[PDB]
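this one's a deposited entry, sequence included:
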There are 2 protein chains.
Amino acid sequence: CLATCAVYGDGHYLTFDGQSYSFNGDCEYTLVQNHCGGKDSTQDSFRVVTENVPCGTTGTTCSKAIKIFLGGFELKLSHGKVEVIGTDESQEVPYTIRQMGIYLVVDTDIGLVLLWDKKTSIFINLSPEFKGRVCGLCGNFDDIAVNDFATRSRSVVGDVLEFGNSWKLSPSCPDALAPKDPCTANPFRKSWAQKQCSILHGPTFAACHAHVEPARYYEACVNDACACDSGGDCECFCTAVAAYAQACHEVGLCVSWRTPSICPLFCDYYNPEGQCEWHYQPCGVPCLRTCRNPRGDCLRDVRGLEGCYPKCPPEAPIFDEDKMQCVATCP
Amino acid sequence: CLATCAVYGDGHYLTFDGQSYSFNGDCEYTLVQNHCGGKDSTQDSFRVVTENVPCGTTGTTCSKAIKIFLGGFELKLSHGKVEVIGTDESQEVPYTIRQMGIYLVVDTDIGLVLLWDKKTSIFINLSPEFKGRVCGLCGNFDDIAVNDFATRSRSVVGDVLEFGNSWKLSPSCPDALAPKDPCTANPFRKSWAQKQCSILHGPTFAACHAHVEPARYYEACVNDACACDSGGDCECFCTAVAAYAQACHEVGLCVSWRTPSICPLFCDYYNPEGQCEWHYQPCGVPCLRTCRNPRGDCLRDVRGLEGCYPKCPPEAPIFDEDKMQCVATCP
Ligand SMILES: [Ca+2]
Ligand SMILES: [Ca+2]
């Protein structure tokens, strides 16, 4: 149906065609770039880049800020907030900002959306119309998992490190090098890392085990827990688990894995005094009535979004959508 | 009114009279022991001991299990569960187990209670009738903060290390030594530790700043965050903050400090499908109606207990207290 490019953790990548690899660097890297070369096929050119900074002590790097360039508009996503810099006094704003669950969903009219958790990871969804016309770190959308190493010169190179380094934006950035083993570097956290990441092989994800192989995700969890030693390994572990959770949710079946002792969420914080409407939905609501989305309309386009969601009462069931409450009606 | 002996974090102690110090060891240590020596004043003798294990890599130790001895009854508190070993087929069971908020409150008829968070810390409350007749790691209850160093031989010694080592249970245990500086040992976590523990000096605890000095608690938070490097520093930071939170709550005023990004609780997990009764009370309910506590009775003896609490509807407002729901009536 729709392909997905997933970037999460400490340089873990997943191409549109299904190829997976690992690469770490400290520079600006372009994930998806439209209109490769000078060929402009009467379409707008969109460019998304990520900023990586060295997090930890072994040498691993994680994404910190994401910049979006399209139609002369520049958007910045840092510290969990959206800041617009590039402003054009013409045409029409093509991006819409939505807050569904724990993700920061943005939508564009061209057919490209983003799923940002505001911490480390980012999910990219592309329409099938852009097949065979997109190049970048996510690989060419050609449904072939063996030719996803175009090093910006239309030349497939098996060197993953060279392929990653060939996509650097600033020429002055230092060249990336091969990483070490975080578990070997810090052998006093291996037992804790294994005990925490053993939940992937537990009976909770029995349904996911029959569709998605968890070996790669388990190894990623172990590596992240061994490397996330700069303070806040709980967030790294939660993101590593949520990556596989969203991957399994994309298939179509949802599984509840959260636990008050394992990555908890405070859904009651948004509830006002004397009221209770917010609830936790592991599978995410299909469609809800908001100010911009009337009751008669229901856009079932995105699936697999977990987080706190409100349950408006029958009286005043329209979500006001700007100050987190349900209202009778809005203009 | 009532004195309190608090043990939390990595060997942080607070005597009944108000003296505070720090000591780390790896053995069984007696906190409060009744009837010091051979003097039996026609009262039952209670003895509470704690088990410390080396947690981390610098050399700090934290409590893991707590054993209670009274009336020939032995109780064990490990892995967040209560296990009874010492059983006597005579007299009557003098202990009651209650689950209020996040603490595991146990009550005894003699006048001694315990507040266990099931993770690291333990709070002891003693009746004023036991003044000047209790010796142990909590010091003699004599309202004097300068003679709280009785090293089991009725001799006050200024050496905190010697005073702590003189209370070891097993003679074969190794003698404790002076600890090092965790922040100096791991200088790559100082910035993160300071950024996390700066919440104590923020405007949230402005009311607490006028009653309890937060310098000692801030130093304890910094040291714990620098030392808790074995995996799970979030739990260590949460316990360090909750210690000062409970200390301020004991004064009489309550302040809400929890945040969905700072030590969250999943109060919605206990809510059944289609119902919403559980809520988070920073100050704790004064009294609630349960199966063993009718509506006409309200025991207002303990204050300062935060956590998830249920709000039963007017219909069937009696808490069933054994399977987490509200029922109309129970025998
Ligand atoms: Ca390809
Ligand atoms: Ca004393």
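Perfect, thanks for sending it. Numbering: from 1, shown residues only, chains lettered A, B, ... in the order given. Ligands and ions are numbered 1, 2, ... in the order given.

outside of stretch A:71-89 itself, list whatever touches it.
A:44, A:64-69, A:91, A:93-95, A:97, A:104, A:106, A:116, A:118-119 (C-beta atoms under 8 Å, 6 or more residues apart in numbering or on different chains). For the C-beta atoms, the positions are set from N, CA and C on the backbone; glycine is no exception.

of those residues, which belong to strands?
A:64, A:65, A:66, A:67, A:68, A:69, A:95, A:97, A:104, A:106, A:116 (DSSP state E).

check contacts around the fourth one.
Same thing as residue A:67. A:28, A:48, A:49, A:50, A:51, A:74, A:75, A:76, A:77.

show me where the stretch 201-331 of chain A has its strands.
In the stretch 201-331 of chain A, the strands defined using DSSP state E, counting those that start in this stretch lie at A:278-281, A:307-310, A:318-319, A:326-327.

dump these to CSV, plus mean neighbour count.
As requested, the strands of the stretch 201-331 of chain A are exported to CSV (neighbours: other C-beta atoms under 10 Å in any protein chain shown):
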stretch, mean neighbour count
strand A:278-281, 18
strand A:307-310, 19
strand A:318-319, 20
strand A:326-327, 17
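
in JSON lines: those strands, plus distance to residue B:260.
Rendered in JSON lines, the data for these read as follows (distance: least, C-beta to C-beta, whole Å):
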{"stretch": "strand A:278-281", "distance to residue B:260": "11"}
{"stretch": "strand A:307-310", "distance to residue B:260": "9"}
{"stretch": "strand A:318-319", "distance to residue B:260": "19"}
{"stretch": "strand A:326-327", "distance to residue B:260": "20"}
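
for residue B:317, which of the ones you listed is the nearest?
Nearest to residue B:317, of all the strands of the stretch 201-331 of chain A, is strand A:278-281, at 22.8 Å by C-beta to C-beta.

all helices of chain A, in order?
A:160-165, A:182-185, A:190-197, A:206-209, A:215-227, A:233-251 (DSSP state H).

so for stretch A:125-132, what gets flagged as buried?
A:125, A:126, A:130 (16 or more other C-beta atoms under 10 Å in any protein chain shown).

which ones among these also lie next to ligand 1?
The subset of the buried residues of stretch A:125-132 lying close to ligand 1, counting by C-beta under 5 Å from the ion, is empty.

closest one to chain B out of these, please.
residue A:125 (26.8 Å; C-beta to the nearest C-beta).

what sits against that closest one?
A:2, A:3, A:4, A:112, A:113, A:114, A:115, A:302 are the contacts of residue A:125 under C-beta under 8 Å, 6+ apart.

list the contacts of the first one.
What that stands for is residue A:2. A:125, A:126, A:127, A:128.

okay, the residues you listed in JSON lines with distance to residue A:187 next?
Below are these laid out as JSON lines (distance: C-beta to C-beta, whole Å):
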{"residue": "A:125", "distance to residue A:187": "40"}
{"residue": "A:126", "distance to residue A:187": "41"}
{"residue": "A:127", "distance to residue A:187": "47"}
{"residue": "A:128", "distance to residue A:187": "47"}
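
list the ones among those that fall in strands.
A:125, A:126.

of the ones in strands among the contacts of stretch A:71-89, grab the buried ones for ChimeraX.
A single ChimeraX command selects the buried members of those (16+ other C-beta under 10 Å):
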select /A:66,67,68,69,95,104,106,116
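
could you export the ones in strands among the contacts of stretch A:71-89 as JSON lines, including distance to residue A:157?
Below are the ones in strands among the contacts of stretch A:71-89 laid out as JSON lines (distance: C-beta to C-beta, whole Å):
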{"residue": "A:64", "distance to residue A:157": "28"}
{"residue": "A:65", "distance to residue A:157": "28"}
{"residue": "A:66", "distance to residue A:157": "26"}
{"residue": "A:67", "distance to residue A:157": "27"}
{"residue": "A:68", "distance to residue A:157": "28"}
{"residue": "A:69", "distance to residue A:157": "27"}
{"residue": "A:95", "distance to residue A:157": "35"}
{"residue": "A:97", "distance to residue A:157": "38"}
{"residue": "A:104", "distance to residue A:157": "35"}
{"residue": "A:106", "distance to residue A:157": "33"}
{"residue": "A:116", "distance to residue A:157": "30"}
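
so which two of the ones in strands among the contacts of stretch A:71-89 are the farthest from each other?
Of all pairs in these, the most separated under C-beta to C-beta is A:64 and A:95 at 21.0 Å.

contact partners for the residue in the stretch 1-150 of chain A positioned nearest to ligand 2?
As assessed by C-beta to the ion, ligand 2 sits closest to residue A:57 within the stretch 1-150 of chain A, at 45.3 Å. Taking C-beta under 8 Å, 6+ apart, we find residue A:57 in contact with A:229, A:230, B:188.

among those, name the buried ones.
Using 16+ other C-beta under 10 Å, the buried ones in the contacts of residue A:57 are A:229, A:230.

domain assignment for chain A?
Listed domain ranges for chain A are A:3-165, A:182-251, A:266-331 (source: automatic domain parsing).

thinking residue A:303 is in contact with residue A:249, fair?
Yes: because the distance of 7.2 Å satisfies C-beta atoms under 8 Å, residue A:303 is recorded as touching residue A:249.

contacting residues for the residue in the stretch 101-250 of chain A that ligand 1 sits nearest to?
Distance from ligand 1 to each residue of the stretch 101-250 of chain A (C-beta to the ion) is smallest for residue A:148, at 3.8 Å. By C-beta under 8 Å, 6+ apart, the residues touching residue A:148 are A:15, A:17, A:19, A:139, A:140.

widest-spaced pair of the residues you listed?
A:19 and A:140 (10.7 Å).

of those two, who's got more company?
Applying other C-beta atoms under 10 Å in any protein chain shown to residue A:19 and residue A:140 shows that residue A:140 carries more neighbours, namely 22 against 16.

sorry, back to before: what would the helices of chain A look like in TSV with mean neighbour count?
Compiled in TSV, the helices of chain A are given as follows (neighbours: other C-beta under 10 Å):
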stretch	mean neighbour count
helix A:160-165	18
helix A:182-185	16
helix A:190-197	17
helix A:206-209	14
helix A:215-227	22
helix A:233-251	21
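
and the ones you listed as TSV, adding distance to ligand 2?
Below are the helices of chain A laid out as TSV (distance: least, C-beta to the ion, whole Å):
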stretch	distance to ligand 2
helix A:160-165	65
helix A:182-185	48
helix A:190-197	40
helix A:206-209	58
helix A:215-227	45
helix A:233-251	40
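
which one of the ones you listed lies nearest to chain B?
Relative to chain B, the nearest member of the helices of chain A by C-beta to the nearest C-beta is helix A:190-197, separated by 3.4 Å.

so which elements touch the closest one?
Helix A:190-197 sits against helix A:215-227, helix A:233-251, with contacts defined as 3 or more C-beta pairs under 8 Å, 6 or more residues apart in numbering or on different chains; DSSP states H and E.
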